[PDB]
Amino acid sequence: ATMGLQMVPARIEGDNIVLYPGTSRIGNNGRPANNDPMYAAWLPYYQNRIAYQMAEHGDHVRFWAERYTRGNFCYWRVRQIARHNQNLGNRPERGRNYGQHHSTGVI
RNA sequence: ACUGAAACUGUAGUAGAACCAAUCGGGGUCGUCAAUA
Numbered sequence: 229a230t231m232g233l234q235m236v237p238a239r240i241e242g243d244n245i246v247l248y249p250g251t252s253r254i255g256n257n258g259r260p261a262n263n264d265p266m267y268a269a270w271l272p273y274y275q276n277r278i279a280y287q288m289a290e291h292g293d294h295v296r297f298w299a300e301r302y303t304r305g306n307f308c309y310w311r312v313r314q315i316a317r318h319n320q321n322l323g324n325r326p327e328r329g330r331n332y333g334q335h336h337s338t339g340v341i
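Just so you know, the first sequence maps onto residues 229 to 280, 287 to 341 in the authors' numbering.
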């Protein structure tokens, strides 16, 4: 399970692989550097669902996210989502502390 | 401006001599499987 911390979200575009570390930056060992947040954002899906019907693996999307903290690390908790062509709407605010997933209000 | 008649294509000969349906294999035994929070 340690090895997952040095995986990066990726795609292939035509015939090149692409990487999407996004706002996070790739640390030397491949881990997200300097305690910056996980490369991918986290979508609540089987509990505290962030609904638009629930999105699906092919969905191209636009979304708000919030920086959340847990223990040794932090991550972009998705807050609200729309299909890409649709309007995302207004900025959400200070989410619930979902237990040890603590809000920051950094959105 | 008088059909020739009569005559067994049969008589003797072992489709056989030689060759392995066989060569190798313990009815045996350990750590995997799924990916995140």
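Where is the CB? At the ideal position from N, CA and C, for every residue including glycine.
Using CA atoms only, rank isn't needed, just tell me which of the options is closest to residue i.
i           : options               : result
residue 332 : 275, 241, 326 and 245 : 275
residue 239 : 338, 230, 249 and 324 : 249
residue 267 : 291, 301 and 241      : 301
residue 328 : 244, 337, 277 and 295 : 337
residue 271 : 290, 263, 262 and 261 : 290
residue 231 : 264, 244 and 260      : 260
residue 309 : 252, 244, 256 and 320 : 252
With the cut-off set at 8 Å, would you say residue i and residue j are in Cβ contact?
i           : j           : result
residue 258 : residue 234 : yes
residue 335 : residue 311 : yes
residue 316 : residue 273 : no
Following the continuous beta strand (DSSP E) through residue i, name the residue where it begins and the one where it ends.
i           : result
residue 334 : First-last for residue 334: undefined, no H or E at that position.
residue 298 : 295 to 304
residue 239 : 238 to 241
Apart from the five residues on each side of it in sequence, which residues of its chain come closer than 6 Å, Cβ to Cβ, to residue i?
i           : result
residue 298 : 313, 314 and 326
Take residue i and list the residues in its own chain whose beta-carbon comes closer than 8 Å to its own, dropping the five residues that flank it on each side.
i           : result
residue 247 : 236, 237, 238 and 254
residue 322 : 296, 297, 298, 314, 315 and 316
residue 340 : 300 and 301
Which of the three DSSP states, helix, strand or coil, is assigned to residue i?
i           : result
residue 320 : coil
residue 262 : helix
residue 247 : strand
residue 287 : coil
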